[PDB]
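First comes the structure, then the notes that go with it.
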Amino acid sequence: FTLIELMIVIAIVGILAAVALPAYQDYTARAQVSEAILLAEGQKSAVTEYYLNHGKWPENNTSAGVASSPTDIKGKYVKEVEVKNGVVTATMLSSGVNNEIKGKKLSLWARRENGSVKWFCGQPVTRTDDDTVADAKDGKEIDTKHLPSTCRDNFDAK
Amino acid sequence: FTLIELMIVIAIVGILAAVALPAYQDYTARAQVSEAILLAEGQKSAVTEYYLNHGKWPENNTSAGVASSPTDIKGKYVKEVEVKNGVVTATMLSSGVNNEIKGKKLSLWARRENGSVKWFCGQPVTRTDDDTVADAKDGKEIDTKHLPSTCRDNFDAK
Amino acid sequence: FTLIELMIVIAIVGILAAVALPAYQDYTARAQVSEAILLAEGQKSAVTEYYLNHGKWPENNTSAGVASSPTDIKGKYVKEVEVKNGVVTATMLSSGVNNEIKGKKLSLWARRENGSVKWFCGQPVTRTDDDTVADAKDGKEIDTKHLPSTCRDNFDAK
Amino acid sequence: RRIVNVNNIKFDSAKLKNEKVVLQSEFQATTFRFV
């Protein structure tokens, strides 16, 4: 006979949350990744200096002169950050993150410019030789959709 | 004989407002707290620098190099922000806020990482020693329900 | 002899619309104003930076580094947004709006905090000196009833 | 309970660098419709 204004408006806010659910869920993940990136960076300094001073990429965190323990460079969504031959990889925690990005990671690596180096940011990579890396193809890479426009670099970017 | 469509639909919008009342009232409070947090932050800079440059936490706002007057770091819902030995506490005004959060506050404190510091955000805390704080247990802490997921830190968080 | 259930229930929905008419008509206007406010903001950035970098308020949109043309910062209910000496005013279109708010506007202005500035939101204002504005009293101000609780600032708010 | 006769099987380690265990597997299995 009457009461449908309360019933529909409680059911439009319910469906509004369902529509606002995936937007906040990738905005959210995309936000948790933007930090893995900040934790990865700032460690470029150590790595850059080590390379320019010696001409060899730092083998591990201790070589680069950073928390000798990967797990000591963690965060809220970051379970750690390891330096492996100049390549700095950031791992996403398992608690406090999206759902399709946890335990997932990215990498920052550089290239000899000769007198200086240039840095790249993208999906996990392994270093082959002092001037070549390759996709750490294995299945734990953070999905392209969660990576900034500034971190879409490919293993062979120059 | 007839007119019930006008009577029920005026009474479903009335009850719809009553159901939408508590949702807007915590969404609202949760919004007024999210600012106390923004006002608390951005003062991390001063505090961080003071600590790294001297190895001692800033005793008060003036030491940290900020509005020497706590009341000078207020807002719409924030009655102020005081720095007490590196700990930055934000107080909720008494006018313009929820009802169960006014005159209530939170704290931001940091910890020596050795070469850098890490910040925490949560319910009011007091600093004991240069690397230890404790619950400013007293009854004026902003209720957990009003605090973001990013500001649920405990006095002993590391 | 009989048929009054159809006659009354068609006439209760008719009067229900008449009662729901003013509610949707201020909820509506109040909604069209909330945007003039969003269009006005986000231009605070340009204005803030211009002021902090030079110590003088941007004279006009071009100075602030925004669509040199006021009319280029319009919307659905917004006919434009002009920056006049740091004061950003938003004008309500003439088509697609309430009825007692079209061609009407509000202003956002700031104040030197010394090292930073604080923003206000309210009824149209004019800037007198670098730290003083005044009611642009003229009759085209959006009525207090249509302005959010967050945009009730007076010319002398500090 | 259906006619999926699996025959020629293969699988290998899907990770180039080999930094975690993972085996991509390709199995061939067929059913026999009428003519």
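Cβ: placed from backbone, ideal geometry, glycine included. Neighbour counts: every protein chain shown. None of the figures in this text is laboratory data; all of them are computed from the coordinates on show.
A few notes on this one:
- log₁₀ of I(q)/I(0) at q = 0.23, 0.28, 0.29 Å⁻¹ - the stretch A:1-46, Debye sum with one point per alpha carbon: -0.80, -0.92, -0.94
- Radius, Kirkwood style, for the protein assembly as shown when every pair of distinct Cα atoms is counted (Å): 28.2 Å
- To the nearest ten degrees, helix A:5-40 and the longest principal axis of the Cα atoms of chain A are 10 degrees apart.
- Candidates C:146, B:66, C:29 compared by Cα position along the dipole of the protein assembly as shown: farthest toward the positive end lies C:29, with charges placed on Cβ.
- Helix C:44-54 vs. chain C, principal-axis angle (Cα, 0 to 90°, nearest 10): 10 degrees
- Cα-based equivalent ellipsoid, chain A: semi-axes from gyration tensor eigenvalues, Å: 41, 15, 11
- Fluctuation leader among A:79, A:118, A:102 - chain A, Gaussian network, Cα springs under 10 angstrom: A:118
- Between the residues C:39, C:75, C:109, the greatest Cα displacement towards the positive end of the dipole of the stretch C:3-113, with unit charges on the Cβ of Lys, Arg, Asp and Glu, is found for C:109.
- Over the protein assembly as shown, DSSP H runs of length four or greater, each weighted -39,500 (n - 2.57), average out per residue to a 222 nm ellipticity of -10000 deg cm²/dmol.
- With R₀ set to 35 Å, the beta-carbon distance separating residue D:16 from residue A:25 gives a calculated FRET efficiency near 0.70.
- Listed residues C:147, C:106, C:52, most fluctuating in chain C (Gaussian network, C-alpha, under 10 Å): C:52
- For the listed residue pairs A:44/A:105; A:74/A:118; C:74/C:102, the alpha carbons are over 23 angstrom apart in A:74/A:118.
- Within the listed set C:57, C:119, C:109, the residue fluctuating most in the Gaussian network model of chain C (springs between alpha-carbon atoms under 10 angstrom) is C:119.
- Total charge dipole magnitude, the protein assembly as shown, about the Cα centre, Cβ charges on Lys, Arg, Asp, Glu only, Debye to nearest 20: 900 debye
- Of A:84/A:140; A:79/A:158; A:79/B:140; A:137/D:10; B:79/B:158, those spanning more than 26 Å from alpha-carbon to alpha-carbon: A:79/A:158; A:79/B:140; B:79/B:158
- Ranking A:136, A:123, A:91 by how far each Cα lies toward the positive end of the dipole of the stretch A:89-140 (charges on Cβ) leaves A:91 at the top.
- Summing Cβ point charges (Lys, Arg +1; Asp, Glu -1) relative to the Cα centre of the stretch C:2-158 gives a dipole of roughly 60 debye.
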